[PDB]
């Protein structure tokens, strides 16, 4: 399944270069960051992959940002869509608070769009729970 594009609730291109599309390749040294520079978007955070076609998919891969825990996703909702407007929830859960590649698995389902809603996220800042969302890579498989 080829990712045509990634959209997000927001992205940072002013304080550093971290647009949503950085999460659509497997370079572990680049990432999407939610917008943190003023005016910041501090949630809710999400990310939508637009696949080039309808695919039967059953897995999402999440590579955390590798150089910092800011925005690391510890709670998520996965939804799928055929039209990019109406979404169906297929999976909810948590992910461990570390920089390891994560996999989210669910029953096979047709999708052209796959949306990752960030329900929980961590930070190295004391009051930073949920403020940030980052991803070195989000990808889908079938």
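Positions refer to the first chain, counted from 1.
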As stated in the PDB record, which stretch has the larger average Cα B-factor, 81-89 or 65-73? 81-89
Between 60, 101, 95, 109, which one tops the list for Cα B-factor in this entry? 109
Where does residue 36 sit by CA temperature factor within its chain: lowest, middle or highest third? middle
So, residue 6's CA B-factor, relative to its chain, sits in which third? The highest
Is the Cα B-factor recorded for residue 122 in the lowest, middle or highest third of its chain? lowest
C-alpha B factor of residue 138, ranked within the chain: lowest, middle or highest third? middle
